[PDB]
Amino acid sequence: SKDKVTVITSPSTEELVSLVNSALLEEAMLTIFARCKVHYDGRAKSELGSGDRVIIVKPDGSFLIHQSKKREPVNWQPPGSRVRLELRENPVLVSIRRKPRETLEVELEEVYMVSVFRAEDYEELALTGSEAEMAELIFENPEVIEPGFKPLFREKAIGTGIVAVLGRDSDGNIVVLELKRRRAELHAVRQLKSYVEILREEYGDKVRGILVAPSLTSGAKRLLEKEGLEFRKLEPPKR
């Protein structure tokens, strides 16, 4: 239990069970290379036929099944799921989440490798360049929008929806910003339009919307213009 790694290739069932169950009691990452079938029923339902895949069970219950292509797991289970290992015609990894009820079944036809990784990590990700940091830059230097802009509220719930920044201009109008940390799309403009309309019905037609993004799509421009909304070019800042 004091080795970081414990690896077995071509494990016997006995060896499988021993390492699987120690991974769980030790709350260590479990990794397995195997030929398997996968059955999922839950929010949706899926079958994956027999094939080789990497399987990972994290100590927090996160379950991953990866094919040899793409970024997404072909199947998974979220944190807080519970897995048991089941002996049947083959060993079967069964993971269940409660609410909503989702079942993942991994039938292990052939286990090429099983491993316990007792991983120590006290460190957490520090990311910069987010939308939240655009909001900060704007409250710290409102001029990046325009002279006299005064930011007032961040994530202000209006009647229906939550607007990213609510504010006032030099004419004393209410100003909605919608921020995107990347090229803004039709859905961004729909957010803004939706918020502005809701405000307009309280505060009159003078309410301004501004989409604040590094750029926007052909579609966003068209709809923005058609709706009389505005665009300010802003890049997400990186610390």
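Sequential numbering from 1, following the sequence displayed.
Tell me which stretch has the larger mean Cα B-factor in this entry, 1-9 or 230-238.
Result of the comparison: 1-9.
Out of 41-49 and 194-202, which stretch has the higher average CA B-factor listed in the record?
The stretch with the larger mean CA B-factor is 194-202.
Between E89, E120, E86, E123, which one tops the list for Cα B-factor in this entry?
Answer for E89, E120, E86, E123: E120, with the highest C-alpha B-factor.
Highest recorded Cα temperature factor - choice among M113, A135, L127, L108:
Among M113, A135, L127, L108, the highest C-alpha B-factor in the entry belongs to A135.
Hey, what third does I145 fall into on Cα B-factor, ranked over its chain?
Ranked within chain, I145 CA B lands in the highest tercile.
Taking the C-alpha B-factors as the PDB entry records them, is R208 in the lowest, middle or highest third of its chain?
It falls in the top third of the chain.
What third of its chain's C-alpha B-factors does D60 belong to: lowest, middle or highest?
Answer is lowest: the recorded C-alpha B-factor places it there.
Hey, what third does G159 fall into on Cα B-factor, ranked over its chain?
Its C-alpha B-factor belongs to the highest third of this chain's values.
Third of chain Cα B-factors occupied by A184
Highest third, going by the recorded CA B-factors of the chain.
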